[PDB]
Amino acid sequence: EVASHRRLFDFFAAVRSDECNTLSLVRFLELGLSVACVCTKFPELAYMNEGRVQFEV
Amino acid sequence: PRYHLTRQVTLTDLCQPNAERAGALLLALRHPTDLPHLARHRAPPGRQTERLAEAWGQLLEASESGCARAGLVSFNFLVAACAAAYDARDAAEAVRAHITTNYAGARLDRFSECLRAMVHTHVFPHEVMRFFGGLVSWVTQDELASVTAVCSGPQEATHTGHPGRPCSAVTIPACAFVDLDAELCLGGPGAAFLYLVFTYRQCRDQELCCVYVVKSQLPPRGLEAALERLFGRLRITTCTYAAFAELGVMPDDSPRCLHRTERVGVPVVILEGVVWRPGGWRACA
Amino acid sequence: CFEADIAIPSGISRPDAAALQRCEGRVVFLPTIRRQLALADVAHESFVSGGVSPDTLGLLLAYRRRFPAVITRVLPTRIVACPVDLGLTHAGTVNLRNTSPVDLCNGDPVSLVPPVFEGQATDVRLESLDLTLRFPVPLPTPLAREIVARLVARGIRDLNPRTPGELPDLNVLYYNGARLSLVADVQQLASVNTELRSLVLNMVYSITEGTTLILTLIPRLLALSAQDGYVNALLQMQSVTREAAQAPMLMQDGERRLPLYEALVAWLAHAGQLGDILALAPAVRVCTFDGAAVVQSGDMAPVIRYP
Amino acid sequence: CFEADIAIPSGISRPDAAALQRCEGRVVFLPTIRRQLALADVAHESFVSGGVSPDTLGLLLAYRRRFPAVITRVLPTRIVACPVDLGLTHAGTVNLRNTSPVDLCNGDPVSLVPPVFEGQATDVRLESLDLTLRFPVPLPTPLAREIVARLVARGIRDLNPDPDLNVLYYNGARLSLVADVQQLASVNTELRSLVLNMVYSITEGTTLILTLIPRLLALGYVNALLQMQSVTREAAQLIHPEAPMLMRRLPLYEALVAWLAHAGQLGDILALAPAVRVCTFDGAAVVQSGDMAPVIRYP
Amino acid sequence: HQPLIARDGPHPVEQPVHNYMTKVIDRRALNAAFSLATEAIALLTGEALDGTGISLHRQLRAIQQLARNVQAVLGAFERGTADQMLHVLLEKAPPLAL
């Protein structure tokens with residue numbers, strides 16, 4: 001889903017891994033509103049060809 | 001295996017790669033002590049075959065072979081020596097201001113005589129000074145030479161980015177803006193196919209010599225009719241003019257450039273990323 | 001491979017998607033080197049020039065200035081093609097489809113010829129994308145060089161009439177048996193004319209000064225005719241050599257130029273190159289790993305580099 | 001690379017074993033590319049094509065037909081060769097044995113016939129199973145195209161007799177083409193069929209063109225441009241040859257294909273295309289006879 | 001050690017040649033091979049996976065491709081074992097009318 005999702009993303013590069021002063025540091029992240037405007041989500045799109053949604057009014 | 005190294009030990013009587021750039025389109029000098037004999041042969045007898053017997057003999061005067069044979073010819077050494085020959089003057093002659101201040105026209109003046117003497121007795125300068133590569137390393141001594149300047153496919157212009165993190169290495173100059181002939185002004189997207197053509201004029205301009213690179217997205221079968229068109233030096237009759245081999249593919253037309261900064265201000269074209277298909281020569285018409 | 005793709009641009013006739021599946025191993029002439037390209041320059045409507053379609057000699061000249069490409073894998077979204085002119089660096093020996101009536105050999109050079117056969121038109125039609133497709137016919141190269149000389153000389157007979165209407169058709173071919181009849185429908189003149197001129201102009205330069213001494217030994221040829229087998233079989237019946245039999249011209253300047261050796265050089269320069277300047281260059285060679293000595297019609301033969 | 005194995009057959013002698021020790025690094029031709037092969041596909045006895053021994057034509061048909069293989073390491077019960085024709089360009093460095101010219105740092109050497117050099121040199125015979133391995137000669141592209149047109153020119157003066165073509169200097173050395181004492185009398189009978197091929201393709205076409213072009217231009221862009229680049233060349237050849245020689249359309253155009261069919265044969269026969277390249281590393285750039293050389297795959 | 005029927009009479013004496021005769025072993029190839037596609041190379045190693053069971057499900061359909069192929073080539077030797085015996089018997093078989 002989410003935690004199961006990137007757990008193979010870290011592993012994919014992991015098996016591809018075999019294949020005078022400080023203050024050199026800045027930090028960063030961005031979430032929270034990163035789900036609000038999105039205003040829905042389906043995760044896990046597999047090998048897919050066509051997505052249909054039909055409307056009945 | 002998309003990485004190779006080649007090495008030939010010669011003199012710095014020729015190119016002096018310490019005086020060259022990191023990127024130079026080096027020729028060898030295959031059959032170096034040759035051509036007293038083929039001066040006599042392969043020509044009709046109205047050519048007075050005792051000319052090249054002395055002509056190359058004055059070249060190595062300016063440069064005894066010893067155990068370090070005469071070879072590793074620069075790209076500069078043909079452009080400036082033909083600068084007075086072909087149809088570009090005071091701009092191709094800026095290559096002579098590049099050589100004589102860094103390399104020497106003493107070796108040019110003996111060889112510009114050869115460029116009127118080799119082509120005289122039908123000893124045409126194709127299939128002599130065969131292609132070697134792009135001057136990777138210059139592990140040469142003071143007055144002697146030991147160069148690794150790899151042949152052998154695309155790896156010469158891949159192994160340029162990997163060695164130095166800052167900017168780019170070699171990046172394959174054209175060494176004259178008059179050179180890299182801007183053929184196909186009928187412009188479109190694709191990949192570039194580079195070739196090495198010696199265009200001649202036999203007894204009209206008194207055995208003309210020319211060295212420049214073409215620019216085309218054209219096959220070898222679409223290049224020979226492209227060698228019959230676009231020329232004005234047809235006015236000959238002997239024959240077998242305009243030889244060419246494959247300098248290989250530049251698999252990008254986007255990375256060509258326009259500069260005048262090198263090493264004397266000489267115009268120069270950056271060409272990044274090249275499949276160096278070594279190719280083969282052809283000279284019949 | 002230096003991968004090059006051609007996408008499926010707009011819509012699909014649902015059986016015709018399967019028609020693109022059975023074209024695996026065929027050849028696309030795409031006049032570029034692209035990372036992506038439309039399917040519009042692919043078909044024969046792009047082979048058609050301004051207003052007029054090429055003849056089977058013009059299609060040779062149309063297949064001159066374009067680039068062949070091998071169908072590698074067929075997706076419903078794209079078709080991955082490998083650029084024959086550059087990307088033949090395949091130790092995996094990217095595979096081709098033989099669409100030809102001749103069972104070939106092992107070890108043949110293979111050059112491409114337009115469809116000119118009487119029954120192997122290779123015409124597949126797309127109506128959703130209105131395009132016509134002529135696949136080239138891969139053939140062995142001596143059999144390929146036996147064809148192009150016929151079709152130009154058939155168009156040489158398109159310049160002059162003169163003779164009675166019963167002409168030798170140039171339309172019966174011979175491979176070990178196997179009577180082949182091809183199509184003679186239209187002969188465009190400029191495709192004949194430019195092909196005829198290089199047949200003239202190269203045969204000009206292929207004669208030299210020392211060549212003339214060989215012409216003296218034409219009566220020497222028939223002296224070997226009635227005294228061996230090899231020569232008499234070499235001497236053709238439909239030849240001018242048996243017809244012309246029914247001298248140094250001194251002009252000797254210097255005589256240290258090797259005049260006889262210099263004759264065979266420039267003759268080979270232009271008369272030695274007559275198959276490849278008229279037709280397409282061979283770069284495909286028959287190479288099967290299993291020890292199979294021939295490759296059937298319709299098979300998938302492994303393909304190696306320039307001969 | 002894809003190393004291929006050639007099987008040693010049954011009982012051979014130690015000099016037959018030592019004959020296999022004097023060939024480590026030669027050139028070998030084979031019909032198919034099966035991962036296990038036998039010696040029966042290798043020998044000169046496997047070159048029979050019409051029931052007789054092949055000539056230098058009959059070899060150069062096969063020498064342009066079948067496939068080169070270079071033996072890296074010799075073995076009991078096997079022969080390991082990493083073949084040239086498989087692999088991507090400029091990979092899989094292999095090692096050859098030079099013969100009398102140099103093989104400089106470049107040159108792109110070409111396999112060709114033995115009897116253009118000493119015929120019973122490099123015709124190494126196995127004594128026990130009684131077969132013959134005639135190894136081809138690896139000559140570089142300028143001189144390989146040079147010597148092929150000289151002996152057939154020497155075959156002309158040996159054909160119907162009444163300078164000396166055989167000196168042929170290299171860059172430094174003087175290359176003695178003539179191995180007189182027993183070879184040259186075998187030369188003009190082992191290039192015997194081949195000289196007829198270089199002749200008959202000349203006698204046909206020149207006597208065809210002089211009844212083609214006068215039959216053309218009046219039977220117009222190709223008309224005036226016929227002698228445009230041939231002014232005082234073809235009309236001068238019409239002045240020289242048509243006078244001191246002799247002079248029909250429906251057999252003529254039938255002969256048009258047939259000569260040019262023979263022409264397309266000879267281009268595949270002649271000119272000796274490069275197959276493998278010398279472009280070494282950290283060498284003296286100049287190879288000598290009997291010494292190895294790092295040789296890379298594709299021209 | 002062949003028998004002797006050592007004779008009476010002045011015909012000369014029998015002599016037991018208890019000779020050692022040798023033979024010679026041959027060498028045979030018996031080669032077999034099997035394909036493997038352009039996919040299932042990242043698969044069956046661990047490169048092209050995901051948290052989807054579909055990634056695991058097409059990882060199954062490479063395993064059920066090899067699991068039929070490994071028995072096919074390991075079968076082909078036991079099939080090939082008998083086929084050699086039919087050659088090496090018939091190579092030393094004279095025709096029984098003679």
# chains A, B, ... in the order shown; residues from 1 in each chain; ligands from 1
call {"tool": "select_by_dssp", "arguments": {"residues": "range 85-251 of chain B", "states": "strand (DSSP E)", "output": "number ranges by chain"}}
result
B: 131-133, 192-198, 212-213, 243-250
call {"tool": "residues_around", "arguments": {"residues": "residue 198 in chain B", "least_positions_apart": "3", "cutoff": "12 Å", "atoms": "only C-alpha atoms", "output": "count of residues only"}}
result
32
call {"tool": "interface_residues", "arguments": {"of": "chain D", "to": "chain E", "cutoff": "10 Å", "atoms": "only C-alpha atoms", "output": "list in words"}}
result
residues 7, 8, 9, 10, 11, 35, 36, 37 and 77 of chain D
call {"tool": "write_last_selection", "arguments": {"atoms": "C-alpha atoms", "output": "PDB file, in the first residue's frame"}}
result
ATOM      1  CA  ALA D   7      36.963 -32.761 -31.603  1.00  0.00           C
ATOM      2  CA  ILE D   8      40.304 -34.521 -32.006  1.00  0.00           C
ATOM      3  CA  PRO D   9      39.731 -37.908 -33.703  1.00  0.00           C
ATOM      4  CA  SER D  10      41.282 -41.228 -32.681  1.00  0.00           C
ATOM      5  CA  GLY D  11      44.895 -42.380 -32.457  1.00  0.00           C
ATOM      6  CA  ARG D  35      29.225 -25.743 -30.398  1.00  0.00           C
ATOM      7  CA  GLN D  36      30.877 -29.148 -30.779  1.00  0.00           C
ATOM      8  CA  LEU D  37      32.581 -29.780 -34.111  1.00  0.00           C
ATOM      9  CA  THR D  77      40.682 -34.415 -27.305  1.00  0.00           C
TER      10      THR D  77
END
call {"tool": "residues_around", "arguments": {"residues": "residue 256 in chain B", "least_positions_apart": "3", "cutoff": "7 Å", "atoms": "only C-alpha atoms", "output": "ChimeraX atom specification"}}
result
/B:253,269-271
call {"tool": "write_last_selection", "arguments": {"atoms": "N, CA, C and O atoms", "output": "PDB file, in the first residue's frame"}}
result
ATOM      1  N   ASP B 253      22.674  15.146 -33.163  1.00  0.00           N
ATOM      2  CA  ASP B 253      22.989  16.372 -33.890  1.00  0.00           C
ATOM      3  C   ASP B 253      22.864  17.597 -32.988  1.00  0.00           C
ATOM      4  O   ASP B 253      23.254  18.704 -33.378  1.00  0.00           O
ATOM      5  N   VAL B 269      35.027  23.592 -33.177  1.00  0.00           N
ATOM      6  CA  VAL B 269      33.673  23.086 -32.965  1.00  0.00           C
ATOM      7  C   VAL B 269      33.701  21.917 -31.988  1.00  0.00           C
ATOM      8  O   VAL B 269      34.341  20.894 -32.251  1.00  0.00           O
ATOM      9  N   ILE B 270      32.988  22.066 -30.875  1.00  0.00           N
ATOM     10  CA  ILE B 270      32.808  21.002 -29.891  1.00  0.00           C
ATOM     11  C   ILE B 270      31.817  19.981 -30.435  1.00  0.00           C
ATOM     12  O   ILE B 270      30.747  20.344 -30.936  1.00  0.00           O
ATOM     13  N   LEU B 271      32.176  18.693 -30.344  1.00  0.00           N
ATOM     14  CA  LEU B 271      31.316  17.584 -30.758  1.00  0.00           C
ATOM     15  C   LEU B 271      31.339  16.505 -29.676  1.00  0.00           C
ATOM     16  O   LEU B 271      32.282  15.715 -29.604  1.00  0.00           O
TER      17      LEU B 271
END
call {"tool": "residues_around", "arguments": {"residues": "residue 172 in chain C", "least_positions_apart": "6", "cutoff": "10 Å", "atoms": "only C-alpha atoms", "output": "mmCIF file with N, CA, C and O atoms, in the first residue's frame"}}
result
data_model
loop_
_atom_site.group_PDB
_atom_site.id
_atom_site.type_symbol
_atom_site.label_atom_id
_atom_site.label_comp_id
_atom_site.auth_asym_id
_atom_site.auth_seq_id
_atom_site.Cartn_x
_atom_site.Cartn_y
_atom_site.Cartn_z
ATOM 1 N N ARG C 150 18.406 -8.003 -64.920
ATOM 2 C CA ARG C 150 17.267 -8.266 -65.790
ATOM 3 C C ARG C 150 16.361 -7.053 -65.899
ATOM 4 O O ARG C 150 15.942 -6.674 -66.998
ATOM 5 N N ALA C 178 13.269 -24.727 -60.486
ATOM 6 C CA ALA C 178 12.564 -23.582 -59.907
ATOM 7 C C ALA C 178 12.318 -22.420 -60.863
ATOM 8 O O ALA C 178 12.873 -21.333 -60.669
ATOM 9 N N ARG C 179 11.526 -22.652 -61.906
ATOM 10 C CA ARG C 179 11.216 -21.611 -62.877
ATOM 11 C C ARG C 179 10.431 -20.481 -62.219
ATOM 12 O O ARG C 179 9.331 -20.690 -61.701
ATOM 13 N N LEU C 180 11.007 -19.283 -62.230
ATOM 14 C CA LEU C 180 10.414 -18.118 -61.593
ATOM 15 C C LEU C 180 9.995 -17.119 -62.658
ATOM 16 O O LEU C 180 10.774 -16.818 -63.565
ATOM 17 N N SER C 181 8.766 -16.613 -62.549
ATOM 18 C CA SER C 181 8.273 -15.535 -63.403
ATOM 19 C C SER C 181 7.964 -14.326 -62.527
ATOM 20 O O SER C 181 7.327 -14.458 -61.479
ATOM 21 N N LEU C 182 8.437 -13.156 -62.943
ATOM 22 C CA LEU C 182 8.238 -11.938 -62.172
ATOM 23 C C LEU C 182 7.268 -11.015 -62.910
ATOM 24 O O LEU C 182 6.716 -11.362 -63.957
#
call {"tool": "atom_distance", "arguments": {"atom1": "CA of residue 302 in chain C", "atom2": "CA of residue 141 in chain C"}}
result
16.9 Å
call {"tool": "interface_residues", "arguments": {"of": "chain C", "to": "chain D", "cutoff": "6 Å", "atoms": "only C-alpha atoms", "output": "JSON, numbers by chain"}}
result
{"C": [89, 91, 146, 149, 150, 160, 197, 239, 241, 261, 272, 275, 289, 290, 291]}
call {"tool": "atom_distance", "arguments": {"atom1": "CA of residue 152 in chain B", "atom2": "CA of residue 276 in chain B"}}
result
7.3 Å
call {"tool": "interface_residues", "arguments": {"of": "chain B", "to": "chain D", "cutoff": "7 Å", "atoms": "only C-alpha atoms", "output": "short mmCIF file (atom, residue, chain, number, x, y, z; two decimals) with N, CA and C atoms, in the first residue's frame"}}
result
data_model
loop_
_atom_site.label_atom_id
_atom_site.label_comp_id
_atom_site.auth_asym_id
_atom_site.auth_seq_id
_atom_site.Cartn_x
_atom_site.Cartn_y
_atom_site.Cartn_z
N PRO B 1 35.02 -4.16 -26.09
CA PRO B 1 33.88 -4.36 -25.19
C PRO B 1 33.42 -3.05 -24.59
N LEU B 5 41.87 0.21 -25.16
CA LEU B 5 43.04 1.07 -25.20
C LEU B 5 43.95 0.61 -26.32
N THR B 6 44.56 1.57 -27.02
CA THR B 6 45.56 1.28 -28.03
C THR B 6 46.80 2.09 -27.72
N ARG B 7 47.96 1.61 -28.17
CA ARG B 7 49.19 2.33 -27.93
C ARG B 7 50.17 2.11 -29.07
N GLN B 8 50.82 3.20 -29.48
CA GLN B 8 51.87 3.21 -30.47
C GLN B 8 52.95 4.16 -30.00
N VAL B 9 54.20 3.72 -30.07
CA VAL B 9 55.34 4.53 -29.65
C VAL B 9 56.00 5.11 -30.88
N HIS B 31 52.81 2.74 -43.27
CA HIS B 31 53.87 2.74 -44.27
C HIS B 31 54.71 4.02 -44.15
N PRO B 32 55.42 4.25 -43.03
CA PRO B 32 56.08 5.55 -42.87
C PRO B 32 57.33 5.73 -43.72
N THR B 33 58.21 4.72 -43.78
CA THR B 33 59.44 4.84 -44.56
C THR B 33 59.21 4.43 -46.01
N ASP B 34 57.96 4.28 -46.40
CA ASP B 34 57.54 3.94 -47.74
C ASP B 34 57.68 5.17 -48.65
N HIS B 37 59.36 3.88 -53.62
CA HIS B 37 59.02 2.86 -54.60
C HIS B 37 57.73 3.20 -55.33
N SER B 152 39.01 1.59 -32.23
CA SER B 152 38.20 0.48 -31.74
C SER B 152 36.79 0.85 -31.29
N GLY B 153 36.11 1.74 -32.00
CA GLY B 153 34.69 1.89 -31.80
C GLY B 153 34.28 3.04 -30.90
N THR B 237 39.18 15.62 -66.00
CA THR B 237 39.20 15.01 -67.33
C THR B 237 37.78 14.76 -67.82
N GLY B 279 35.51 2.30 -40.16
CA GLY B 279 35.14 2.37 -41.57
C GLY B 279 36.21 1.90 -42.53
#
call {"tool": "residues_around", "arguments": {"residues": "range 280-288 of chain C", "least_positions_apart": "4", "cutoff": "8 Å", "atoms": "only C-alpha atoms", "output": "short mmCIF file (atom, residue, chain, number, x, y, z; two decimals) with N, CA, C and O atoms, in the first residue's frame"}}
result
data_model
loop_
_atom_site.label_atom_id
_atom_site.label_comp_id
_atom_site.auth_asym_id
_atom_site.auth_seq_id
_atom_site.Cartn_x
_atom_site.Cartn_y
_atom_site.Cartn_z
N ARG B 221 25.83 4.46 -49.06
CA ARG B 221 25.20 4.44 -50.37
C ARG B 221 24.51 5.75 -50.71
O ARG B 221 24.20 5.99 -51.88
N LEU C 60 14.19 0.49 -55.82
CA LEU C 60 15.61 0.33 -55.53
C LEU C 60 16.24 1.66 -55.20
O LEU C 60 16.99 1.80 -54.23
N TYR C 63 14.72 2.66 -51.98
CA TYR C 63 15.36 1.97 -50.86
C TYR C 63 16.82 2.34 -50.73
O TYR C 63 17.47 1.90 -49.77
N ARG C 64 17.35 3.09 -51.69
CA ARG C 64 18.69 3.64 -51.55
C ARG C 64 18.77 4.60 -50.37
O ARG C 64 19.45 4.31 -49.37
N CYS C 105 20.34 -21.34 -48.23
CA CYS C 105 21.60 -22.05 -47.98
C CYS C 105 21.94 -21.73 -46.53
O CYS C 105 21.20 -20.97 -45.89
N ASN C 106 23.03 -22.27 -45.99
CA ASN C 106 23.68 -21.63 -44.85
C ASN C 106 24.86 -20.85 -45.40
O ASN C 106 25.57 -21.33 -46.29
N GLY C 107 25.05 -19.63 -44.90
CA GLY C 107 26.20 -18.84 -45.24
C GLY C 107 25.99 -17.84 -46.37
O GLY C 107 26.97 -17.24 -46.82
N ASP C 108 24.76 -17.67 -46.84
CA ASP C 108 24.51 -16.69 -47.89
C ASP C 108 24.57 -15.28 -47.33
O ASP C 108 24.03 -15.03 -46.24
N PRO C 109 25.22 -14.34 -48.01
CA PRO C 109 24.87 -12.93 -47.81
C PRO C 109 23.44 -12.71 -48.28
O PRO C 109 22.99 -13.31 -49.25
N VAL C 110 22.72 -11.84 -47.57
CA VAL C 110 21.32 -11.58 -47.84
C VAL C 110 21.14 -10.09 -48.06
O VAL C 110 21.43 -9.28 -47.17
N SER C 111 20.67 -9.73 -49.24
CA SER C 111 20.32 -8.35 -49.55
C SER C 111 18.83 -8.26 -49.83
O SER C 111 18.18 -9.24 -50.16
N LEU C 112 18.30 -7.05 -49.68
CA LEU C 112 16.86 -6.84 -49.73
C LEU C 112 16.46 -6.33 -51.11
O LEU C 112 17.11 -5.48 -51.71
N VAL C 113 15.35 -6.87 -51.61
CA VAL C 113 14.82 -6.56 -52.93
C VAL C 113 13.34 -6.21 -52.73
O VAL C 113 12.69 -6.83 -51.88
N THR C 141 22.36 -13.24 -52.30
CA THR C 141 22.89 -12.13 -53.09
C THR C 141 23.29 -12.44 -54.54
O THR C 141 23.12 -11.55 -55.38
N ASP C 276 26.50 -3.52 -56.57
CA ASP C 276 26.19 -2.78 -55.35
C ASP C 276 25.88 -1.32 -55.65
O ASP C 276 25.23 -0.64 -54.85
N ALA C 292 21.77 -26.38 -38.83
CA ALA C 292 20.85 -26.49 -39.94
C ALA C 292 21.46 -25.83 -41.18
O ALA C 292 21.91 -24.69 -41.13
N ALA C 293 21.49 -26.58 -42.28
CA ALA C 293 22.18 -26.15 -43.48
C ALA C 293 21.33 -25.25 -44.38
O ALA C 293 21.88 -24.55 -45.23
N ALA C 301 15.39 -16.95 -39.19
CA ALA C 301 16.81 -17.25 -39.29
C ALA C 301 17.59 -16.29 -38.42
O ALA C 301 17.22 -15.11 -38.33
N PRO C 302 18.65 -16.74 -37.74
CA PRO C 302 19.48 -15.79 -37.00
C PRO C 302 20.36 -15.01 -37.96
O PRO C 302 20.82 -15.54 -38.97
N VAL C 303 20.60 -13.75 -37.63
CA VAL C 303 21.21 -12.80 -38.56
C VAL C 303 22.46 -12.21 -37.94
O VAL C 303 22.44 -11.70 -36.81
N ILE C 304 23.56 -12.27 -38.69
CA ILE C 304 24.83 -11.69 -38.30
C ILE C 304 25.17 -10.57 -39.27
O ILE C 304 24.41 -10.22 -40.18
N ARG C 305 26.35 -10.00 -39.05
CA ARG C 305 26.72 -8.67 -39.52
C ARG C 305 27.13 -8.71 -41.00
O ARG C 305 26.91 -9.71 -41.68
N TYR C 306 27.68 -7.60 -41.50
CA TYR C 306 28.16 -7.32 -42.85
C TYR C 306 29.05 -8.42 -43.42
O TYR C 306 29.94 -8.91 -42.72
N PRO C 307 28.82 -8.85 -44.67
CA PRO C 307 29.65 -9.87 -45.31
C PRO C 307 30.98 -9.33 -45.83
O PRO C 307 31.66 -10.05 -46.57
N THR D 32 29.71 -24.79 -40.35
CA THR D 32 28.63 -24.41 -39.46
C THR D 32 29.19 -24.18 -38.07
O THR D 32 30.35 -24.49 -37.78
N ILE D 33 28.34 -23.65 -37.19
CA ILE D 33 28.81 -22.96 -36.00
C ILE D 33 28.31 -23.76 -34.80
O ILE D 33 27.99 -23.21 -33.74
#
call {"tool": "residues_around", "arguments": {"residues": "range 62-72 of chain E", "least_positions_apart": "5", "cutoff": "12 Å", "atoms": "only C-alpha atoms", "output": "number ranges by chain"}}
result
E: 32-45, 55-57, 77-80
